[PDB]
Every structure is written in C-alpha cells, then in structure tokens.
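Neighbour counts run over all protein chains shown; Cβ positions are idealised from the backbone, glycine included. Derivation of every value follows stated rules applied to the coordinates shown; laboratory data play no part.
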Amino acid sequence: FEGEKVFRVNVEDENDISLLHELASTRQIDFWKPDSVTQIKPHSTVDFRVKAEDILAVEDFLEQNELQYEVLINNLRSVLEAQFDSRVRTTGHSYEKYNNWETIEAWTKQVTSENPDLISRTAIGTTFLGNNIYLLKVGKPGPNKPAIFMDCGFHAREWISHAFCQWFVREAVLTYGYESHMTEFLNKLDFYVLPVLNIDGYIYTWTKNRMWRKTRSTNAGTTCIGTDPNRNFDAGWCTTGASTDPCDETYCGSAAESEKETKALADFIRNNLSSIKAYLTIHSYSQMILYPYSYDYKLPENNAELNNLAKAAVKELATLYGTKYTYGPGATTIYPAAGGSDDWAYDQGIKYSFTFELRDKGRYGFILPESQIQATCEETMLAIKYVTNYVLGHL
Ligand SMILES: [Zn+2]
C-alpha cells in the first residue's frame, strides 16, 4: 500500500455521480464510503482508495472535471503501520488491541469458562472454509427471557466492530452486580452476541489483504471471490444498490442466503424469533445510527419511534467525549441498497433494528489505530445500554 491515498469527493448533483462512475470504469477504485459508485446519492461526500500507479491520473480526472476533493490519507502505508499502537504489551488477547481470529476464538472459550453463570457459547454453523461461527449468550439464567441480538464483523476490514463485541461482553460480566442498569439488564433479558460473522474474511485481512470485505466463497465461472454478506439477506434481495457481478464488492450472491454464514444467522434468528426483541448490527466507519429501510424509500410503520430512539442514543453517546453521530433511515444516507440484515430482521417482526457505524469520520477510516479502541467502545456502550433500557421498558 506504499503511496496509496484515500480521497474524499464532494458530489453535488447527478453530473458528479456519473463522472465518478466513469472514473471507476477507467481505474480500479476501492470505495470506502459508500460501498460502491451505485450507492452514491446527490449532496453527499464519497471516500475511496486509489492505487499508487493511479494517483496522478485520478487527480487529473478530478481536477479537469471540476470535482472538489481533498486527500483524507496521504500514504496508506503510514496509517497501516501506525494501527498497532496499543500501549498494552502482550501476544495474547487484549480488549485494547485488535485480536486475530485464533485469539478471538480462544477468548470465546475462556470468557465462557470463567463466567458459566453469565455466559454460554454455541456454534450456530460453519463458514465456507469450515470455521465454527460462535455465538455467546450473556445473561443470568432464567425462563422466558426476552433477548437483544447483536452481531459484529459482517465486513472483514471493519476491525473496530469486532473489537466492540468483545468489549461489550467484558462490560456485561464485569459490571454485573456492580452497576444497577447492567445488573437489571442481565437479570431480565439475554444478549446474543455474535462477535465475528465473516470469520474467513477477517482471517484474510490478517494474512493477505487488510482491505478485504466480502466472504471467501468461490463463484461459478470466475476467479472473483466472495459475496457481500450485507447484501445477501432476503430483503428486496438484489433489486437495488447491489451487484449481480461476483467481481463487485457489493455482489449480492447467487441467491438470498447463498452464503453459509448468512444462512446460519438467519436460521438462528428464525429459530429464536419469539425471544428476540431487538437486532443490532455493528459496522464502521462514519459515526451513524441507521434504521430501516435501506432497500426502498418507504418508511417503517414505527418510523417516528425509531427516529426518536436513534436521536436519544446519539445524544447519550456524545455525553462522554463529545463524539458526533448522525442518524436516520438507511435510504436517506445512501442510494437504496437491498439485502441488508437490519431490513430483513425488521420484516421478520423485530421492531427495533439498527445499524451502528462507529468511528471515525474518515481521518483513518477503517484503519482506526488501537489507541482509539477504548474511547470508541466506551462511548458506544452508552448508546447500546440506552437502547437496551428502552427495549426493556417497551416489551
Ligand atoms: Zn459494514
């Protein structure tokens, strides 16, 4: 990644959109925000990574076509080399470092072993490569308990999301019995926490390509690997904002739930639907709380409720470090995109369904340094606990 840059471009009108589409047809562009040229809406900004050999051609294109831009990251190599800046020295698990899959997997076994009265672990299925997909149930044992479901690591490169699910579990077990809200939460409900969904992809970001997003499944008739798991669910599947080309980063897959990982998640949720009252899915970056719908311009029946809940959660998050989040329906932040898990869960009857996009706002983008894990998780905890308390009181 030596000499690679990440650009941000201001798009005003449809002319700017088709210009970016033409640029992306001329050079290989890795869209960071949103996920593809096809998800770009008028009056927004767009972030994308450019290869070293393409920097001058891209800059020339932006300048001569009068697209206003800035360089977010001047040398991606420098940012990548600076990501591992944790002051915690150890080769084992740390909640303040990014942990590889072998380490996270060992952590799921250990944290469960150490806290059997608060945590149980199951494997809800296996990935394309045969890795167990672990799910942790966090709560004091009891009958007929409602549940909140939270997943992290849909997208391989969004490392802060995987880190957050681990932090959440730590907070649940260490504050139970000591902080009144968490104590009430674990007594009355369970959290189902899926710390990494896209395990094969996550491994790939550690071993071969830090910028990988998709699953690692094969596709018929092409060398292009993987499906976008957040375009693989049965929600207006593959009708908008995605791609039928396996070589695209938003490939919807060969069918809804074609991926072992997404099928395992959808099966678990269907099998547990009477219990699950909220669905929370954790991503990065851009500091947003989004709710349905993304697949269509239509609004959910309880739009006013979801908007108010999102507003309150965003305000609660800001109380800690002043971090600013935006919020709203998915289809107001990007061009409509089909096949999302938050939309799917909502259409199953789960009335509280939210996507969280964590820090930052583009300074480091996906490559958030370890030194920000703690503050990111701390403030995010406030929003999650706020949503939990709301859900508990609105059963
Ligand atoms: Zn994501």
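Quick notes
- Comparing Cα centroids, the stretch 362-378 and the stretch 288-357 end up 22 angstrom apart.
- The length gained by stretching the chain between residue 324 and residue 70 to full extension, at 0.36 nm per residue less their Cα-Cα distance, is 89.3 nm.
- Our analysis of the chain gives Rg over Rh at 0.95, with the two radii drawn from alpha carbon positions and Rh computed by the Kirkwood formula.
- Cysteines in the chain lacking a second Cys C-beta under 4.7 Å: 377
- Considering only 277, 51, 298, the mean-square fluctuation computed in a Gaussian network model of the chain, springs between alpha carbons under 10 angstrom, is largest for 298.
- Helix-only mean residue ellipticity at 222 nm for the chain, each DSSP H run of n ≥ 4 adding -39500 (n - 2.57), per residue, nearest 500: -11000 deg cm²/dmol
- Bins of 5 Å from zero: percent of alpha-carbon pairs in the stretch 1-92: 3, 13, 23, 23, 14, 8, 6, 4, 3, 2, 0
- Intensity falloff of the stretch 19-144 expressed as log10 I(q)/I(0), Debye formula with alpha-carbon point scatterers, at q = 0.10, 0.13, 0.21 Å⁻¹: -0.62, -0.82, -1.16
- Beta bridges per DSSP, both residues in the chain: antiparallel share near 55 percent.
- Spatially, the stretch 153-227 and the stretch 70-140 are offset by 7 Å when compared through their Cα centroids.
- Sites listed here are GluC sites (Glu not before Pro) in the stretch 1-90 whose DSSP assignment is loop and whose Cβ has at most 14 other Cβ atoms within 10 Å: 2, 12, 66.
- Cross-link check: pairs 188/260; 208/311; 41/260; 33/97 evaluated at a Cα-Cα cut-off of 29 Å; pairs beyond the cut-off: 188/260; 208/311; 41/260.
- Net charge of neighbours whose Cβ lies under 15 Å from the Cβ of residue 346, counting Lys and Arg as +1 and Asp and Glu as -1: -4
- For the pair residue 180 and residue 303, label points projected 7 Å from Cα toward Cβ lie 3.8 nm apart.
- Across the stretch 131-235, the convex hull enclosing all Cα atoms gives 132 Å³ per residue.
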